[PDB]
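The data below hold one chain only, encoded as C-alpha cells and taken in the form deposited in one PDB entry.
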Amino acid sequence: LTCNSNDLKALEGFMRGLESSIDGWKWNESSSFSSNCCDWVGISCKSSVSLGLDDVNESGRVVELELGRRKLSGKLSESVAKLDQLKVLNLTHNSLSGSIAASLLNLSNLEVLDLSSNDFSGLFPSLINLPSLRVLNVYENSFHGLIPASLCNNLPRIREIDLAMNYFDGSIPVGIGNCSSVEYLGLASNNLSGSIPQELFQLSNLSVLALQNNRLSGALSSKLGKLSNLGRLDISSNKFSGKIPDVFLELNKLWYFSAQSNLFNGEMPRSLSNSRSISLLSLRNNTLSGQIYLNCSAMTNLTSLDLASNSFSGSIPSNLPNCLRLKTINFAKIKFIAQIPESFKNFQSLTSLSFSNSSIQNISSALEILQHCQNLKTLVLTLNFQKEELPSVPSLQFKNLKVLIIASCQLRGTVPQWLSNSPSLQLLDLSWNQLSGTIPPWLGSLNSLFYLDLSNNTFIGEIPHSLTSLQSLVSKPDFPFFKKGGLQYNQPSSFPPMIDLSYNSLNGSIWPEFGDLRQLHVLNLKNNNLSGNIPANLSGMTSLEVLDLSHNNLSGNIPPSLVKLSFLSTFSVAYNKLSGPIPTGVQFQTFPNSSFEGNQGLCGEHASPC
C-alpha cells in the first residue's frame, strides 16, 4: 500500500530522463496527485511480504511499470534498474531514444521486457542476465550491429524473442541454439546475412520463426525437419537457393509457410505436396519449375495457395477442386497457354482466383465454367484471352462476385447484361480493351459499386445519368492487388472510390448531378468528346481528390465554386475550349501551369492577366 522509498527514488530518476510529464503520476511536485507511487497510473505494487521480503519495513514494491502508448519522449534512465522487484517493464509504442543500459539487462526479477516501437539505438548490450524473463521484445527500433552472441546463455525461462524491424547485422549467432525453451523467434526486417547456423534447428519448442526481409543466403537445409513443433515459418525476401528440402512429413504442425521472393528452384518437394498441416502456402516470385502437383487427398488443410510469378510449365492442375478448404488461388504470371479445366465447375470452396498475365485462352469457356463456383468473390483475369470477345450471353451468373477485373485483354464486344447478375459488385475493371457501344445505364443501379474503370476502350455516347446516382458513391484471406512501379493494394477498400471513363469516344456534357456523389475520390473523364460547361455543382463532391477533365471539348469558365473542394490535390482542364479567369482558391494556386494549358481564353493566375 505504501511506496518503497528506494523504488520511488528510482522512479524519480526515470522521470527526469523524460522530456514530458506522464498523466496519473505526481510529477512537478506542484502536482496535486497522490505522492504515493502505488496509486500512480501504470504502476502496480505488491506487498514486500508477498515477495518474500521479511525485513523490518512493510512497504509496497513496484513490480510492474506499464507505459505503453503514453507519448513519452526522452531517454530511458539507467536508474530504472534500481527497481529490483520489477517484473514487467512495458514501454511499447513511444518516442523514447538513446541506448539501453547494460544495467537493465541485469534485473533478476524481470519477466516481461517490452521496449517495442521506439527510437532506441546503438548496439544492444552484450550481457544479458535475465533468469526470470518470459518475453524480450525490441521489435521496431534503431538497434544495429550483431545480435548478442551470448544472448541465450542466461535466459533459461525464455519464451518469445522478437528483434524484428531493427538494423541488426551479421550471421545469426551460433549461440541461438542455447535458447532451448523459446517458442517465438522474430528476426525479420534486419541486416542478417550468411547461412542459417545449423544450431538454429536444435530449438525443439520453436513454434513461430520470422526470418523474412534480410540477406540470408545459401540452401535451406534438410535440418529444418528437426523443428517439429514449428507451426509458422516466413523465409520471404532473402536470397536462399536450390531445391526446397523435402521435410514436410516431419513438420506435422506447420500451418503457415511463406518463402516468396527468394531464388528457390527445381520442383516443389513431394512432402510439401502431401502436407496434412499446411494451410497458407506462398511460394510466389521464386524460380520454381515443372508441373504443379498437389495431392488434395493429402492436403486437407490448404486454404491459401500462392504460386504466382514462377517458372512452372504444363497444365493448370485439374484436381484442385478436390481440396475442400481451399479459398484463394494466386496463379498470376505462370504461363500456361491453356484454358481452365472443366473440373473447376466443382470448386465450391474457392472465393478468390487470379490468373492475371497467365496466358489463359478461350474466355467463353472460362466464364461458363467459373460461374458454377458459388462462393467466387474476387476474379482477376487481367492480361489473358488476347483479342477474344467478351461474352454477351445473358445467361451467365456470378451471384456472390465482389471484384471482377478483366483488363488489358483487348477484348471486343460490349458491357454485357450478365454482369447485372452480380448485384454485390464493389469493383469493376474492364479498362484497356477493345470494348465498344455505349456505357449501359444499368450500371447505375449497382448499389455496392465504388470503383469503376472503363478507361482505354472505344465506348461512345453519353455518360449515363444513373452513375450520378450510384448508392455507394453518394454516402458511406488476403489477396494483394497491384495497380499499373505498381503500388500494392491489400484489399478492395484500399482503392480510392473512382469513376474512370477516360480514353473513349464519349460525347455530351458533364452532368450537374455528379455533385451528389460525396464519396467519390477520383473522377477521370480525360480524352473524350465531352462538350458543354463544367457545372458549378461539381463543387459538391466533398471527398474529391482527383478531377481530370483534360483533352475534351469543354467550353466556358472554370466554375469559381471549385474552391470548395479542399481535398483536391490533382486537377486538369488542359486542352479544352475553356475561357475566363482561373479560380484563385488555395488548392488551385498549387496546381502546375500544365493543368491549365491548351485553353486560349483562360486567364488570371497561371496565365496571362485578364
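In this text, the rigid core denotes the largest set of C-alpha atoms whose superposition between the two forms falls within 1.5 Å. One rule holds for the numbers: they count along the sequence shown, beginning at 1.
The same protein also has a form deposited in another entry, omitted here; what follows describes it.
For a quick test of reading the superposition: does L72 move by 2 Å or more at the CA between the shown form and the other one, rigid core aligned? Yes, because once the rigid core is superposed, the C-alpha of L72 moves 2 Å or more between the shown form and the other one.
Note yes or no: does the Cα of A574 move by 2 Å or more between the shown form and the other one after the core is superposed? Comparing the forms between the shown form and the other one, which are aligned on their rigid core, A574 does not shift its C-alpha by 2 Å or more.
So that I can tell if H551 moves, could you say whether its C-alpha shifts by at least 2 Å between the shown form and the other one after the core superposition? Not so; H551 is displaced by less than 2 Å.
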